[PDB]
Amino acid sequence: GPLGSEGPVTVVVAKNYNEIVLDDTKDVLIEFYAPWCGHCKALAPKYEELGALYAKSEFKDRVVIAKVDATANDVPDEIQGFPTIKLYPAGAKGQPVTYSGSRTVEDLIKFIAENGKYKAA
């Protein structure tokens, strides 16, 4: 497949964050991380998994799971720790659902499903 590389979840740089994540055409779940982050290492098996599910199945035209490296790229966003997760719904990108990470796929489903406007579940 042309797009079958490791990264179902759209790794968005700070360059694209305002276009991709801050897009209201779809609900975008963003994860601010660092590659050296042990917390991110616990966020990755959910992110690329759920992200796969979303960006591979019926949601790949809908909610996009995305993530930006908050320490490689200088984000104009707000960090409420070192990493942060923020759901920018397609309708309430002005009041994202700020999170630090539940470390689970379950919560992610529930996340864009309750927090998302599309209710992606």
# chains A, B, ... in the order shown; residues from 1 in each chain; ligands from 1
$ residues_around --residues "residue A:18" --least-positions-apart "5" --cutoff "12 Å" --atoms "only C-alpha atoms" --output "VMD selection string"
chain A and resid 12 to 13 23 to 24 28 30 66 to 68 75 to 77 88 93
$ write_last_selection --atoms "N, CA, C and O atoms" --output "PDB file, in the first residue's frame"
ATOM      1  N   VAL A  12       1.705  15.100  13.328  1.00  0.00           N
ATOM      2  CA  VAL A  12       1.604  16.416  12.813  1.00  0.00           C
ATOM      3  C   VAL A  12       2.696  17.231  13.458  1.00  0.00           C
ATOM      4  O   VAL A  12       2.881  17.159  14.649  1.00  0.00           O
ATOM      5  N   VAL A  13       3.466  17.920  12.683  1.00  0.00           N
ATOM      6  CA  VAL A  13       4.423  18.845  13.247  1.00  0.00           C
ATOM      7  C   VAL A  13       3.702  20.134  13.627  1.00  0.00           C
ATOM      8  O   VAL A  13       2.526  20.315  13.270  1.00  0.00           O
ATOM      9  N   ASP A  23      -8.419  21.631  12.693  1.00  0.00           N
ATOM     10  CA  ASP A  23      -9.393  21.584  11.632  1.00  0.00           C
ATOM     11  C   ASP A  23     -10.738  21.169  12.219  1.00  0.00           C
ATOM     12  O   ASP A  23     -10.806  20.307  13.068  1.00  0.00           O
ATOM     13  N   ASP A  24     -11.788  21.789  11.759  1.00  0.00           N
ATOM     14  CA  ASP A  24     -13.137  21.521  12.228  1.00  0.00           C
ATOM     15  C   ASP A  24     -13.930  20.734  11.212  1.00  0.00           C
ATOM     16  O   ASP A  24     -15.151  20.645  11.303  1.00  0.00           O
ATOM     17  N   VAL A  28     -10.309  16.092  15.933  1.00  0.00           N
ATOM     18  CA  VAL A  28      -8.923  15.685  15.972  1.00  0.00           C
ATOM     19  C   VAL A  28      -8.418  15.558  17.396  1.00  0.00           C
ATOM     20  O   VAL A  28      -8.480  16.497  18.191  1.00  0.00           O
ATOM     21  N   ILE A  30      -5.389  15.297  19.604  1.00  0.00           N
ATOM     22  CA  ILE A  30      -3.963  15.496  19.509  1.00  0.00           C
ATOM     23  C   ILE A  30      -3.222  15.097  20.790  1.00  0.00           C
ATOM     24  O   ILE A  30      -3.729  15.280  21.901  1.00  0.00           O
ATOM     25  N   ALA A  66      -4.320  12.432  15.940  1.00  0.00           N
ATOM     26  CA  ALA A  66      -3.083  13.119  15.547  1.00  0.00           C
ATOM     27  C   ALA A  66      -2.157  13.384  16.739  1.00  0.00           C
ATOM     28  O   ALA A  66      -2.579  13.312  17.885  1.00  0.00           O
ATOM     29  N   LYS A  67      -0.890  13.686  16.475  1.00  0.00           N
ATOM     30  CA  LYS A  67       0.027  14.015  17.535  1.00  0.00           C
ATOM     31  C   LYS A  67       1.175  14.817  17.056  1.00  0.00           C
ATOM     32  O   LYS A  67       1.669  14.601  15.969  1.00  0.00           O
ATOM     33  N   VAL A  68       1.598  15.721  17.876  1.00  0.00           N
ATOM     34  CA  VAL A  68       2.652  16.625  17.545  1.00  0.00           C
ATOM     35  C   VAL A  68       3.762  16.465  18.557  1.00  0.00           C
ATOM     36  O   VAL A  68       3.514  16.190  19.744  1.00  0.00           O
ATOM     37  N   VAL A  75       5.339  24.403  19.636  1.00  0.00           N
ATOM     38  CA  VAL A  75       3.920  24.572  19.502  1.00  0.00           C
ATOM     39  C   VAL A  75       3.445  25.857  20.171  1.00  0.00           C
ATOM     40  O   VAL A  75       3.933  26.231  21.235  1.00  0.00           O
ATOM     41  N   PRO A  76       2.476  26.543  19.552  1.00  0.00           N
ATOM     42  CA  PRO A  76       1.911  27.802  20.078  1.00  0.00           C
ATOM     43  C   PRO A  76       0.769  27.513  21.051  1.00  0.00           C
ATOM     44  O   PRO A  76       0.089  28.418  21.548  1.00  0.00           O
ATOM     45  N   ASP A  77       0.548  26.241  21.266  1.00  0.00           N
ATOM     46  CA  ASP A  77      -0.496  25.747  22.141  1.00  0.00           C
ATOM     47  C   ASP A  77      -0.031  25.852  23.603  1.00  0.00           C
ATOM     48  O   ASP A  77       1.068  26.350  23.891  1.00  0.00           O
ATOM     49  N   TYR A  88      -9.657  18.428  19.748  1.00  0.00           N
ATOM     50  CA  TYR A  88     -10.259  19.530  19.050  1.00  0.00           C
ATOM     51  C   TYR A  88     -11.412  18.993  18.247  1.00  0.00           C
ATOM     52  O   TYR A  88     -11.208  18.415  17.185  1.00  0.00           O
ATOM     53  N   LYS A  93     -13.188  23.669  18.863  1.00  0.00           N
ATOM     54  CA  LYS A  93     -11.717  23.719  18.792  1.00  0.00           C
ATOM     55  C   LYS A  93     -11.183  24.857  19.671  1.00  0.00           C
ATOM     56  O   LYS A  93      -9.985  25.051  19.801  1.00  0.00           O
TER      57      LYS A  93
END
$ residues_around --residues "residue A:34" --least-positions-apart "5" --cutoff "10 Å" --atoms "only C-alpha atoms" --output "VMD selection string"
chain A and resid 39 to 41 68 to 73 82 to 83
$ atom_distance --atom1 "atom CA of residue A:21" --atom2 "atom CA of residue A:42"
21.6 Å
$ residues_around --residues "residue A:99" --least-positions-apart "4" --cutoff "6 Å" --atoms "only C-alpha atoms" --output "compact mmCIF listing (two decimals) with C-alpha atoms, in the first residue's frame"
# COMPACT_ATOMS: atom_id res chain seq x y z
CA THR A 84 -0.72 17.03 26.90
CA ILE A 85 -3.61 15.64 24.98
CA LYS A 86 -6.24 17.85 23.50
$ select_by_dssp --residues "chain A" --states "strand (DSSP E or B)" --output "ChimeraX atom specification"
/A:10-11,28-33,64-69,84-88,97-99
$ closest_residue --among "A:20, A:3, A:29, A:97" --to "residue A:54" --atoms "only C-alpha atoms"
A:29
$ atom_distance --atom1 "atom CA of residue A:105" --atom2 "atom CA of residue A:87"
14.3 Å
$ residues_around --residues "residue A:53" --least-positions-apart "5" --cutoff "12 Å" --atoms "only C-alpha atoms" --output "PDB file with N, CA, C and O atoms, in the first residue's frame"
ATOM      1  N   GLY A   7       2.660   4.845  11.141  1.00  0.00           N
ATOM      2  CA  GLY A   7       2.112   6.084  11.572  1.00  0.00           C
ATOM      3  C   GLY A   7       0.698   6.236  11.102  1.00  0.00           C
ATOM      4  O   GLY A   7       0.427   7.084  10.245  1.00  0.00           O
ATOM      5  N   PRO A   8      -0.240   5.392  11.604  1.00  0.00           N
ATOM      6  CA  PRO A   8      -1.658   5.507  11.248  1.00  0.00           C
ATOM      7  C   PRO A   8      -2.171   6.848  11.730  1.00  0.00           C
ATOM      8  O   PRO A   8      -2.806   7.616  10.992  1.00  0.00           O
ATOM      9  N   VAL A   9      -1.847   7.107  12.974  1.00  0.00           N
ATOM     10  CA  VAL A   9      -2.100   8.330  13.625  1.00  0.00           C
ATOM     11  C   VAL A   9      -1.232   9.394  12.971  1.00  0.00           C
ATOM     12  O   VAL A   9      -0.025   9.182  12.751  1.00  0.00           O
ATOM     13  N   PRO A  45       1.126   2.709  22.263  1.00  0.00           N
ATOM     14  CA  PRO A  45       0.419   1.462  21.918  1.00  0.00           C
ATOM     15  C   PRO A  45      -1.080   1.617  21.932  1.00  0.00           C
ATOM     16  O   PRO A  45      -1.834   0.662  21.731  1.00  0.00           O
ATOM     17  N   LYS A  46      -1.497   2.800  22.219  1.00  0.00           N
ATOM     18  CA  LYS A  46      -2.895   3.133  22.156  1.00  0.00           C
ATOM     19  C   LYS A  46      -3.098   4.038  20.995  1.00  0.00           C
ATOM     20  O   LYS A  46      -4.088   3.983  20.325  1.00  0.00           O
ATOM     21  N   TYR A  47      -2.113   4.814  20.734  1.00  0.00           N
ATOM     22  CA  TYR A  47      -2.210   5.841  19.794  1.00  0.00           C
ATOM     23  C   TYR A  47      -2.053   5.350  18.407  1.00  0.00           C
ATOM     24  O   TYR A  47      -2.829   5.708  17.538  1.00  0.00           O
ATOM     25  N   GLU A  48      -1.111   4.505  18.190  1.00  0.00           N
ATOM     26  CA  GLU A  48      -0.978   3.921  16.915  1.00  0.00           C
ATOM     27  C   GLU A  48      -1.976   2.777  16.714  1.00  0.00           C
ATOM     28  O   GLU A  48      -2.224   2.358  15.607  1.00  0.00           O
ATOM     29  N   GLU A  58     -13.771   3.136   9.343  1.00  0.00           N
ATOM     30  CA  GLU A  58     -14.847   4.115   9.043  1.00  0.00           C
ATOM     31  C   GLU A  58     -14.591   5.550   9.558  1.00  0.00           C
ATOM     32  O   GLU A  58     -15.412   6.436   9.340  1.00  0.00           O
ATOM     33  N   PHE A  59     -13.493   5.798  10.201  1.00  0.00           N
ATOM     34  CA  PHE A  59     -13.292   7.095  10.788  1.00  0.00           C
ATOM     35  C   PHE A  59     -12.164   7.782  10.100  1.00  0.00           C
ATOM     36  O   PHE A  59     -11.810   8.878  10.457  1.00  0.00           O
ATOM     37  N   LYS A  60     -11.615   7.159   9.090  1.00  0.00           N
ATOM     38  CA  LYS A  60     -10.461   7.717   8.416  1.00  0.00           C
ATOM     39  C   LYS A  60     -10.861   8.891   7.523  1.00  0.00           C
ATOM     40  O   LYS A  60     -10.018   9.574   6.924  1.00  0.00           O
ATOM     41  N   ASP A  61     -12.146   9.088   7.429  1.00  0.00           N
ATOM     42  CA  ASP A  61     -12.738  10.240   6.762  1.00  0.00           C
ATOM     43  C   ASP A  61     -13.359  11.138   7.819  1.00  0.00           C
ATOM     44  O   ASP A  61     -13.865  12.233   7.516  1.00  0.00           O
ATOM     45  N   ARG A  62     -13.287  10.694   9.062  1.00  0.00           N
ATOM     46  CA  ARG A  62     -13.939  11.360  10.144  1.00  0.00           C
ATOM     47  C   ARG A  62     -12.849  11.825  11.122  1.00  0.00           C
ATOM     48  O   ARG A  62     -11.886  12.459  10.704  1.00  0.00           O
ATOM     49  N   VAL A  63     -13.021  11.522  12.400  1.00  0.00           N
ATOM     50  CA  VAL A  63     -12.048  11.830  13.439  1.00  0.00           C
ATOM     51  C   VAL A  63     -10.661  11.284  13.106  1.00  0.00           C
ATOM     52  O   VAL A  63     -10.490  10.109  12.773  1.00  0.00           O
ATOM     53  N   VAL A  64      -9.696  12.127  13.226  1.00  0.00           N
ATOM     54  CA  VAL A  64      -8.349  11.745  12.979  1.00  0.00           C
ATOM     55  C   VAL A  64      -7.571  11.837  14.261  1.00  0.00           C
ATOM     56  O   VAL A  64      -7.646  12.841  14.983  1.00  0.00           O
ATOM     57  N   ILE A  65      -6.886  10.779  14.594  1.00  0.00           N
ATOM     58  CA  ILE A  65      -6.069  10.786  15.742  1.00  0.00           C
ATOM     59  C   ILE A  65      -4.744  11.378  15.297  1.00  0.00           C
ATOM     60  O   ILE A  65      -4.162  10.909  14.308  1.00  0.00           O
ATOM     61  N   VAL A 105      -6.736   2.882  25.186  1.00  0.00           N
ATOM     62  CA  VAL A 105      -7.497   2.960  23.954  1.00  0.00           C
ATOM     63  C   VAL A 105      -8.972   3.150  24.276  1.00  0.00           C
ATOM     64  O   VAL A 105      -9.688   3.855  23.582  1.00  0.00           O
ATOM     65  N   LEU A 108      -9.895   6.498  24.882  1.00  0.00           N
ATOM     66  CA  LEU A 108      -9.791   7.229  23.625  1.00  0.00           C
ATOM     67  C   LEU A 108     -11.035   7.126  22.821  1.00  0.00           C
ATOM     68  O   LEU A 108     -11.483   8.102  22.253  1.00  0.00           O
ATOM     69  N   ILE A 109     -11.575   5.950  22.757  1.00  0.00           N
ATOM     70  CA  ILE A 109     -12.837   5.733  22.098  1.00  0.00           C
ATOM     71  C   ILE A 109     -13.882   6.664  22.745  1.00  0.00           C
ATOM     72  O   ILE A 109     -14.429   7.556  22.093  1.00  0.00           O
ATOM     73  N   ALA A 120     -17.448   9.775  18.028  1.00  0.00           N
ATOM     74  CA  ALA A 120     -16.772   8.697  17.331  1.00  0.00           C
ATOM     75  C   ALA A 120     -16.589   7.425  18.146  1.00  0.00           C
ATOM     76  O   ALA A 120     -15.554   7.214  18.794  1.00  0.00           O
ATOM     77  N   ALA A 121     -17.594   6.612  18.109  1.00  0.00           N
ATOM     78  CA  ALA A 121     -17.605   5.328  18.725  1.00  0.00           C
ATOM     79  C   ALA A 121     -18.407   4.424  17.829  1.00  0.00           C
ATOM     80  O   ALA A 121     -17.821   3.638  17.091  1.00  0.00           O
TER      81      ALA A 121
END
$ closest_residue --among "A:79, A:37, A:44, A:92" --to "residue A:104" --atoms "only C-alpha atoms"
A:44
$ closest_residue --among "A:19, A:25, A:119, A:49" --to "residue A:6" --atoms "only C-alpha atoms"
A:49
$ closest_residue --among "A:32, A:111, A:17, A:118" --to "residue A:81" --atoms "only C-alpha atoms"
A:32
$ select_by_dssp --residues "stretch 52-113 of chain A" --states "alpha helix (DSSP H)" --output "list in words"
residues 52, 53, 54, 105, 106, 107, 108, 109 and 110 of chain A
$ residues_around --residues "residue A:89" --least-positions-apart "4" --cutoff "6 Å" --atoms "only C-alpha atoms" --output "list in words"
residues 27, 93, 116 and 117 of chain A
$ atom_distance --atom1 "atom CA of residue A:113" --atom2 "atom CA of residue A:57"
15.4 Å
